[PDB]
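Student:
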Amino acid sequence: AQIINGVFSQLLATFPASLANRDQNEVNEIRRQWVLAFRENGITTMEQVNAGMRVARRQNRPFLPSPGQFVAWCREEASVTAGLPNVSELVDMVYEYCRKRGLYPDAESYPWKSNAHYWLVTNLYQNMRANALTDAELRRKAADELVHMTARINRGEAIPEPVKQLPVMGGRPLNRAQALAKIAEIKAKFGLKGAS
Amino acid sequence: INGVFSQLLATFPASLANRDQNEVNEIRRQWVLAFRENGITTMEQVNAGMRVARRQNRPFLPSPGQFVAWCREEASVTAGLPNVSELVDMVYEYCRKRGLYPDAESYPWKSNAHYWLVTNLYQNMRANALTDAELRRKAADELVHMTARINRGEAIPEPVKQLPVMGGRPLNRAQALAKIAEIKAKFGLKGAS
Numbered sequence: 037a038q039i040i041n042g043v044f045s046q047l048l049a050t051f052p053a054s055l056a057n058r059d060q061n062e063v064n065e066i067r068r069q070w071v072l073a074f075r076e077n078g079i080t081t082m083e084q085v086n087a088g089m090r091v092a093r094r095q096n097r098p099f100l101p102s103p104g105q106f107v108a109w110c111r112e113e114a115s116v117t118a119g120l121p122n123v124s125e126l127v128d129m130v131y132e133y134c135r136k137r138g139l140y141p142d143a144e145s146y147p148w149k150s151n152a153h154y155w156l157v158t159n160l161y162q163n164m165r166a167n168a169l170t171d172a173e174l175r176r177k178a179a180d181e182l183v184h185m186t187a188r189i190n191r192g193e194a195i196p197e198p199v200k201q202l203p204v205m206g207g208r209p210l211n212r213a214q215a216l217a218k219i220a221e222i223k224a225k226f227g228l229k230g231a232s
Numbered sequence: 040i041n042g043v044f045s046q047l048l049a050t051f052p053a054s055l056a057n058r059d060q061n062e063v064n065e066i067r068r069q070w071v072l073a074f075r076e077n078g079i080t081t082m083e084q085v086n087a088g089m090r091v092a093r094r095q096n097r098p099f100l101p102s103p104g105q106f107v108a109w110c111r112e113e114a115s116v117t118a119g120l121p122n123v124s125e126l127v128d129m130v131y132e133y134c135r136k137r138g139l140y141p142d143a144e145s146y147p148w149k150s151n152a153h154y155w156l157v158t159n160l161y162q163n164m165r166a167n168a169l170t171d172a173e174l175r176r177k178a179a180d181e182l183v184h185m186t187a188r189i190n191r192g193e194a195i196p197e198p199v200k201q202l203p204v205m206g207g208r209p210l211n212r213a214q215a216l217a218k219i220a221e222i223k224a225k226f227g228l229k230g231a232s
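So the protein sequences, as listed, match chains Y and X.
Offset between the first sequence (1-based) and the authors' numbering: plus 36.
Offset between the second sequence (1-based) and the authors' numbering: plus 39.
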């Protein structure tokens with residue numbers, strides 16, 4: 037009650053024009069929605085309120101944010117490990133990969149920033165090439181992949197470290213003359229080569 | 040701090056209309072917290088923000104985030120970008136006139152930003168069969184993206200160009216016929232005559 041009233045007062049102070057030209061019924065409904073969101077998200081501490089207010093002040097939008105946006109702002113400090121590119125950055129990375137991957141032996145040789153980037157870019161690239169997606173479909177798929185990856189990260193879990201595929205060996209100290217001698221020796225031993 | 044709040048109240052007297060002391064104190068606390076977080080602790084930045092607010096024609100009190108956005112926009116006000124209508128007119132003029140030029144770099148561009156915006160919009164329109172409303176939406180998105188890139192400090196690349204053409208041939212009909220005859224004599228091929 038007191039916490040909710042303080043949050044509402046601070047939001048009104050930060051955003052005076054948010055409730056302009058609005059009757060009391062809309063204000064009460066907005067307050068009820070905020071109460072429901074706080075109860076469902078477990079936001080019952082003043083420290084989270086202060087963090088959310090700091091983020092809101094850092095935000096430059098002159099309108100009242102949605103309750104879910106405020107909850108996300110509060111949890112950003114808690115969920116600081118969720119360092120992932122946004123939709124636009126992911127799309128640009130996918131385009132750069134689609135341009136540059138032909139110059140590398142495999143997908144693991146690409147200069148990845150982290151495993152999350154590797155998995156996201158590879159999945160989006162394969163999906164796009166297999167399903168012949170357009171740009172808007174690619175962006176929708178990128179948003180879905182980001183949501184899925186964030187959900188997996190927030191549930192703990194560990195991102196696997198590719199698979200790689202074998203070494204290539206090498207180290208041949210053999211020249212033309214010695215190999216010709218070897219071929220001649222094989223011919224002499226097997227006799228019926230008849231090759232000239 | 041207190042002087043900053045007093046100047047803000049003086050510039051926007053209608054902001055505290057029908058407000059009690061508690062709301063004023065909460066507004067002051069919010070402004071103090073915003074200044075602390077944004078690093079606005081010097082009087083020179085306060086004066087710059089006051090000048091920005093005075094240049095604005097809105098008597099309404101902007102949010103502290105909006106005030107910081109105004110300050111950083113005026114600090115980086117160097118942006119010679121057209122509006123949506125001007126961009127659409129430029130795109131239409133380009134689509135009318137570019138057929139008479141050897142390449143897209145020969146077009147009389149005003150700057151690099153205009154070149155990139157117009158070319159990207161032209162390619163997108165001719166590739167996705169955009170209508171007029173879709174063209175305007177795409178133009179708005181492109182302008183937002185270009186402004187965001189410019190505010191990041193990133194420089195705008197200088198097209199790519201493609202090759203010179205050379206020339207300078209002082210050869211006429213008689214000399215060309217002599218050359219052809221010499222080629223025929225050297226290699227035979229008498230059937231060509």
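Cβ atoms here follow ideal geometry from the backbone N, Cα and C, with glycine treated the same way.
Please identify, using Cβ separations under 8 Å, the residues of the segment 98-116 of chain X that lie next to chain Y, in order along the chain.
Tutor: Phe99, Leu100, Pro101, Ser102, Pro103, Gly104, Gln105, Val107, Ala108
Student: Is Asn190 (chain Y) close to chain X, meaning its C-beta is less than 7 Å from at least one C-beta of that chain?
Tutor: By 1-based counting over the first sequence, the position of residue 190 (chain Y) is 154. No - not a single Cβ of chain X is within 7 Å of the one on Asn190 (chain Y).
Student: With burial defined as no fewer than 16 other Cβ atoms inside 10 Å of the residue's Cβ, what is the status of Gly119 (chain Y): buried or exposed?
Tutor: Position 83 of the first sequence, counting from 1, holds the residue named residue 119 (chain Y). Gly119 (chain Y) is exposed by the Cβ-count criterion.
Student: Rounded to whole angstroms, what is the Cα-Cα separation between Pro209 (chain X) and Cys134 (chain X)?
Tutor: Locating residue 209 (chain X) in the second sequence gives position 170, where the first residue counts as 1. Locating residue 134 (chain X) in the second sequence gives position 95, where the first residue counts as 1. One C-alpha to the other measures close to 38 Å.
Student: Counting along the chain, where does the alpha helix (DSSP H) carrying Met89 (chain Y) start and finish?
Tutor: Working through the first sequence from its first residue, we reach residue 89 (chain Y) at position 53. Annotation: the continuous alpha helix (DSSP H) that includes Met89 (chain Y) extends over 82-94.
Student: According to a CB-to-CB cut-off of less than 8 Å, which residues of the segment 40-54 of chain Y neighbour chain X?
Tutor: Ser45, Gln46, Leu48, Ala49, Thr50, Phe51, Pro52, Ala53
Student: Is there a Cβ from chain Y that is less than 7 Å from the Cβ of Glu144 (chain X)?
Tutor: Counting from 1 along the second sequence, the entry for residue 144 (chain X) is found at position 105. No - not a single Cβ of chain Y is within 7 Å of the one on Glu144 (chain X).
Student: Helix, strand or coil: how does DSSP classify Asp142 (chain Y) here?
Tutor: Translated into positions along the first sequence, residue 142 (chain Y) becomes position 106. Of the three classes helix, strand and coil, the one that applies to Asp142 (chain Y) here is coil, per DSSP.
Student: Relative to the C-alpha of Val183 (chain Y), which residue among Y:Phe226, Y:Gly88, Y:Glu144, Y:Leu126 is closest?
Tutor: Position 147 of the first sequence, counted from the start, is the residue given in the question as residue 183 (chain Y). The residue with the shortest Cα to Cα distance from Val183 (chain Y) is Y:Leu126.
Student: Closer than 8 Å, Cβ to any Cβ of chain Y: which residues of the segment 57-86 of chain X, in chain order?
Tutor: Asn61, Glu62, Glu65, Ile66, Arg68, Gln69, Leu72, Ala73, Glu76, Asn77
Student: In terms of residues, what are the limits of the alpha helix (DSSP H) holding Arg165 (chain X)?
Tutor: If you number the second sequence from 1, residue 165 (chain X) lands on position 126. Here the alpha helix (DSSP H) through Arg165 (chain X) covers 151-167.
Student: Establish whether the CB of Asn122 (chain Y) and some CB of chain X are separated by less than 7 Å.
Tutor: Taking the first residue of the first sequence as 1, we reach residue 122 (chain Y) at position 86. Closer than 7 Å to the CB of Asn122 (chain Y) there is not a single CB belonging to chain X.
Student: Measure from the alpha carbon of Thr81 (chain X) to the alpha carbon of each residue in X:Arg97, X:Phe99, X:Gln60, X:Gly42, then state which is nearest.
Tutor: Reading the second sequence from its first residue, position 42 is the one you call residue 81 (chain X). It is X:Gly42 whose Cα lies nearest to the Cα of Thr81 (chain X).
Student: Can you name, in chain order, every residue of its own chain whose Cβ lies under 8 Å from the Cβ of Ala231 (chain Y), other than the five neighbours on each side?
Tutor: Your numbering for residue 231 (chain Y) matches position 195 in the first sequence. Excluding sequence neighbours, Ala231 (chain Y) sits near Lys223.
Student: What are the start and end residues of the alpha helix (DSSP H) that includes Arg176 (chain X)?
Tutor: The sequence position of residue 176 (chain X) within the second sequence is 137, counting from 1. Segment 171-190, the alpha helix (DSSP H) holding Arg176 (chain X).
Student: Please report the straight-line C-alpha distance between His153 (chain Y) and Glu112 (chain Y), rounded to a whole angstrom.
Tutor: Position 117 of the first sequence, counting from 1, holds the residue named residue 153 (chain Y). Position 76 of the first sequence, counting from 1, holds the residue named residue 112 (chain Y). C-alpha separation (whole angstroms): 20 Å.
Student: Less than 7 Å between CB atoms is the rule here; does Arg165 (chain Y) satisfy it with respect to chain X?
Tutor: Taking the first sequence and counting its residues from 1, the one referred to as residue 165 (chain Y) is at position 129. No, no contact with chain X.
Student: Whose Cβ in chain X lies nearer than 8 Å to the Cβ of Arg135 (chain Y)?
Tutor: Residue 135 (chain Y) sits at position 99 when you count from the first residue of the first sequence. Near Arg135 (chain Y) there are no residues of chain X at all, since even the closest Cβ is about 15 Å away, more than 8 Å.
Student: Following the continuous alpha helix (DSSP H) through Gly104 (chain X), name the residue where it begins and the one where it ends.
Tutor: By 1-based counting over the second sequence, the position of residue 104 (chain X) is 65. Taken as a continuous stretch (DSSP letters only), the alpha helix (DSSP H) holding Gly104 (chain X) covers 103-114.
Student: Name, please, each residue of chain X whose Cβ falls closer than 9 Å to the Cβ of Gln95 (chain Y).
Tutor: Taking the first sequence and counting its residues from 1, the one referred to as residue 95 (chain Y) is at position 59. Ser102, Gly104, listed in chain order.
Student: Please classify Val91 (chain Y) as buried or exposed, where buried requires at least 16 neighbouring CB atoms within 10 angstroms.
Tutor: Along the first sequence, one-based indexing puts residue 91 (chain Y) at 55. Buried is the call here.
Student: Between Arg175 (chain Y) and chain X, is the shortest Cβ-Cβ distance under 7 Å, so that the two count as touching?
Tutor: For the purposes of this step, residue 175 (chain Y) is identified with residue 139 of the first sequence, where counting begins at 1. Cβ-Cβ to chain X under 7 Å: no for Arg175 (chain Y).
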